[PDB]
Amino acid sequence: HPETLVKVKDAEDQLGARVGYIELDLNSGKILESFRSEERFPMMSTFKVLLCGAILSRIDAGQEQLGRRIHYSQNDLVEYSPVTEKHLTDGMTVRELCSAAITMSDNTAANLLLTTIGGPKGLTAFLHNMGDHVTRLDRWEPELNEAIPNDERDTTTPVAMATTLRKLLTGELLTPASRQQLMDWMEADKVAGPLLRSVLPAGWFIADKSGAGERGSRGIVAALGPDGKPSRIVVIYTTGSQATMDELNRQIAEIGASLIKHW
C-alpha cells in the first residue's frame with residue numbers, strides 16, 4: 024500500500040540514509056510494493072538464511088548430513104559466538120550450527136558452515152547455481168558487516184534476497200523437508216525482538232532474520248502473514264545512518280506497523 028511507501032520514505036529522510044524495501048507475495052512471487060528494491064545493501068546477518076539454504080541443498084543432494092559433527096578450537100571463535108563458544112570440546116552438528124547461525128546469529132557457527140561449502144565464494148557459487156547472480160558474499164564474520172560506501176562486496180538487493188528467499192521456502196530449490204527446516208529455524212529466531220516481531224499482532228506467523236553492521240547498517244528478511252500462515256515475504260535494509268540503534272530498530276518497526284496496518 025502507498026501509505027507504507029510514505030513511511031519508508033519517512034524512515035529514509037529521518038534516518039538520512041537509503042532505505043530498501045520490498046514486499047513479495049509468497050504464493051505467486053508477485054511484487055506487491057517496492058522502494059529502492061534494485062539497489063545494493065549490506066546483507067549483514069541476513070545472509071545466514073541463504074547460507075543454511077545452501078547447506079540444506081547439500082543435504083538434499085547427499086553431500087552433507089544434518090547430523091554430522093564438527094570440531095573446532097578457541098582460535099576459530101570470533102565476536103558474538105554465544106552458542107559455539109560453549110562447545111569447544113564436544114563440537115556441534117551441522118543442524119546445531121544452522122540453528123545457532125539462524126536463531127542466535129552465532130558468528131563462528133556461520134564461519135564453520137561457510138568452510139563446508141568453500142568459503143564466501145562457495146556460497147556465492149551456490150547462489151549463482153540457484154539463479155541468483157546478484158547476491159554475493161566475499162568476506163567472513165565479522166568483517167562482512169563493514170558496509171564501505173560503493174563496496175559491492177557482501178551485498179544483495181531487496182528484490183534478489185526476496186526472490187531467492189521465496190525460492191528457498193516455496194520453490195523447486197529444496198526438498199519439502201529442507202524447506203520446513205529452514206522455515207522452522209527462521210520461526211525460532213530469538214534475536215529480532217525489536218523489529219517486525221515488536222508490532223506483530225497475536226495469531227500472526229513470522230519466520231525471520233535480522234542483521235546489524237557498521238555505518239548504521241540494519242536489515243530484516245521475513246516470511247510473515249496472519250492466521251498462522253505466511254503469505255508474504257518482506258525485505259528491509261538500510262545503510263549509512265548515524266542514528267542510534269534504538270532509532271534504527273524503531274524505524275524498521277514502524278515500517279512493519281504500516282505493512283501490517285495496510286496489509
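Residue numbers (full-length UniProt numbering): 24 to 286. Ideal Cβ positions, reconstructed from N, Cα and C, are used throughout, including at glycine.
Q) Which ranges would you report for the beta strand (DSSP E) in the segment 46-125 if only whole runs of at least 3 residues count? A) Complete beta strand (DSSP E) runs here, min 3: 54-58.
**Q.** Where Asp36 sits in the DSSP three-state scheme
**A.** helix
Q. Under a Cβ-count criterion, where at least 16 other Cβ atoms within 10 Å of its own Cβ denotes burial, should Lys284 be classed as buried or exposed?
A. Burial call: exposed.
Q | Test item: CB-CB of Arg63 and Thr138 under 7 Å | A | No, Cβ-Cβ distance for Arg63 and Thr138 is not below 7 Å.
Q.
If I follow the unbroken alpha helix (DSSP H) through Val222, where does it start and stop?
A. Careful: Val222 lies outside any alpha helix (DSSP H) and carries neither H nor E.
**Q.** Option in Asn50, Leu247, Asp83 with minimal Cα separation from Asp231
**A.** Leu247
(Q) Going by DSSP in three states, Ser201 sits in which element: helix, strand or coil? (A) helix
Q. How many angstroms separate the CA atom of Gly236 from the CA atom of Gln274?
A. 16 Å
Q | Span separating the alpha-carbon of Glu195 from that of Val157 | A | 20 Å
Q) Do the segment 244-259 and the segment 176-191 make contact, defined as three or more Cβ pairs closer than 8 Å? A) yes
(Q) Rounded to the nearest angstrom, what separates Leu47 and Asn98 at their Cα positions? (A) 41 Å
Q. Using the beta-carbon count (16 or more within 10 Å), is residue 16 buried or exposed?
A. Past the boundaries of the shown model lies residue 16; the chain is included only from 24 to 286, so the question cannot be answered.
Q | Pick from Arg118, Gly76, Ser68 that is closest to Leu89, judged by C-alpha positions | A | Looking at the Cα atoms, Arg118 is the closest of the given residues.
**Q.** Sequence-distant residues of the same chain with beta carbon closer than 6 Å to residue 17, five excluded per side
**A.** The structure shown does not extend to residue 17, since the chain is modelled only from 24 through 286, so no value can be given for it.
Q: Over the uninterrupted alpha helix (DSSP H) stretch that includes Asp212, give me the two end residues.
A: No alpha helix (DSSP H) holds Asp212; DSSP gives it neither H nor E.
Q: Using the DSSP secondary-structure output, state which residues sit across from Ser233 in a beta bridge.
A: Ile243
Q) Terminal residues of the continuous beta strand (DSSP E) containing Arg255? A) 255-262
**Q.** Residues that DSSP places opposite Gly154 in a beta bridge
**A.** Partner(s): none; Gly154 has no beta bridge.
Q: With a 10 Å radius around its C-beta and 16 neighbouring C-beta atoms as the bar for buried, classify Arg162 as buried or exposed.
A: exposed
**Q.** Where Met127 falls, given that 16 or more other Cβ within 10 Å makes a residue buried
**A.** buried
Q) How many whole angstroms separate the CB atoms of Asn130 and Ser96, which I take to be in contact at a CB cut-off of 8 Å? A) Rounded, the Cβ-Cβ distance is 15 Å, inconsistent with contact.
**Q.** Backbone secondary structure at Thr186 - three-state DSSP
**A.** helix
Q. Considering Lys284, what are the terminal residues of the alpha helix (DSSP H) in which it resides?
A. 268-284
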